[PDB]
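Just one chain is shown here, as structure tokens, and it is the form deposited in one PDB entry.
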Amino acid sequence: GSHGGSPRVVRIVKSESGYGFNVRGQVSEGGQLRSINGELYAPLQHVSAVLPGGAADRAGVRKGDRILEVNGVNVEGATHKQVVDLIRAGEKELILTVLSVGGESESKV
């Protein structure tokens, strides 16, 4: 429904096996400012899957989390490759601000 979308910080230290999640979203840059929970954001990449037992799972990353800030950089409207490149920059700890899922409904037909 219309609820959700609230910000929270997650910090994850990578294992030799990475941060233990997949990021999914737009290939191209830009897009229009849509309301998530009262404020306009340009398009966000999101967490499409979390490796069970992996570092992100243990740190509290959830399926669907929308990625707002990565390591101190706002990524609204970023391309998929830009966001992935920030995560993979080379430092061991990743500090995210994420928006929890929200603003969508689902119905059986």
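We call the rigid core the largest set of C-alpha positions that still match within 1.5 Å between the two forms. Residues that one form lacks are left out of the comparison. All residue numbers refer to positions in the sequence shown, first residue = 1.
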Fill in the blank from the handout: Looking only at C-alpha temperature factors in the entry, 17-25 or 92-100, the higher average sits in 17-25
Handout entry: Of 27-35 and 49-57, the stretch whose C-alpha atoms average the higher B-factor in the entry
Key = 27-35
Fill in the blank from the handout: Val84: CA temperature factor from the record, placed by chain third, in the middle
Exercise for the section: Select lowest, middle or highest to describe the third in which the CA B-factor of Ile67 falls within its chain in this entry. Expected result: lowest
Fill in the blank from the handout: So, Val75's CA B-factor, relative to its chain, sits in which third? The middle
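Only in words, not in the display: the form deposited in another entry, which the text now covers.
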Practice task
State which of the options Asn37, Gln26, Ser48, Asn74 undergoes a Cα shift of 2 Å or more between the shown form and the other one, taking the core as fixed.
Solution key: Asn37
Practice task
Spell out which consecutive segments of 3+ residues have Cα shifts of at least 2 angstroms at every position between the shown form and the other one, with the rigid core used for superposition.
Solution key: 32-40
